[PDB]
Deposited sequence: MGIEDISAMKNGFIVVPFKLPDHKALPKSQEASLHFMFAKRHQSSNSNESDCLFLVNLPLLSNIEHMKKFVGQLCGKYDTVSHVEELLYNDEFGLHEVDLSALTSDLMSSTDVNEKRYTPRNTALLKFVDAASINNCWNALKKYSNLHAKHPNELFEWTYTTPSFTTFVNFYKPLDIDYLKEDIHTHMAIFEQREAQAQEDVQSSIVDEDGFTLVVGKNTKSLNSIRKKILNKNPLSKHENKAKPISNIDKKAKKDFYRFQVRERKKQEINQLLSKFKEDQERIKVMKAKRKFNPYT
């Protein structure tokens, strides 16, 4: 298993060490990455990512790429994380109809940034076999009590008023 650096379909295997939890007895999470091919203009210089860790966001992805850059002394700037709909909330466009799950695109600022990252990922994918302790830990965002109860809070009236008033004009 340690010897599997890439899947047959061209996806590089990108493992992370899992942080400890008080309630659980070094396990890995496996993300998968491939260069995205798209004739769509805003999907340029993207890695197609399969199986992102819980609550992945741009800050976490920038940290990861930065650790890669530091380890392999290279330069890579991440622009955006696209189509990260972890909870399936936007899976169907109801708006359009009334008139790739578990996956996302990691978009880089230019062709050089992605090429550098991709080269770094290739070497990263061989660590499992050669130096498993050199794999990076993924530290989950850990939602607080406040984060969960926030879901119950009122909508901001002034934002709402503005949103509605403008849209209705």
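When the deposited sequence is numbered from 1, the segments without any C-alpha atom are 1-2, 28-31, 106-119, 190-297.
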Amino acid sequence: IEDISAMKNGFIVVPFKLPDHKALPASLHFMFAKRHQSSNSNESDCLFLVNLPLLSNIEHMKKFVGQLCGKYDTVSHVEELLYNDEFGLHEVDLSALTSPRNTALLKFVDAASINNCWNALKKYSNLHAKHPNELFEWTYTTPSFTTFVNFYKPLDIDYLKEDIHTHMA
From here on, numbers count along this sequence of modelled residues.
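Averaged over their C-alpha atoms, the temperature factors of 156-164 and 12-20 are higher for 156-164. The stretch 108-116 shows the higher mean C-alpha B-factor when 108-116 is compared against 54-62 in the entry.
Per the deposited record, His36 carries the highest C-alpha B-factor of all listed residues (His36, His128, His29, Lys122). Sorting the modelled residues of the chain by their CA temperature factor places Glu80 in the highest third. Residue-level temperature factors show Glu134 in the lowest third of its chain, judged at the C-alpha atom. In this PDB entry, the Cα temperature factor of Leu49 sits in the bottom third of its chain's modelled residues, the lowest group.
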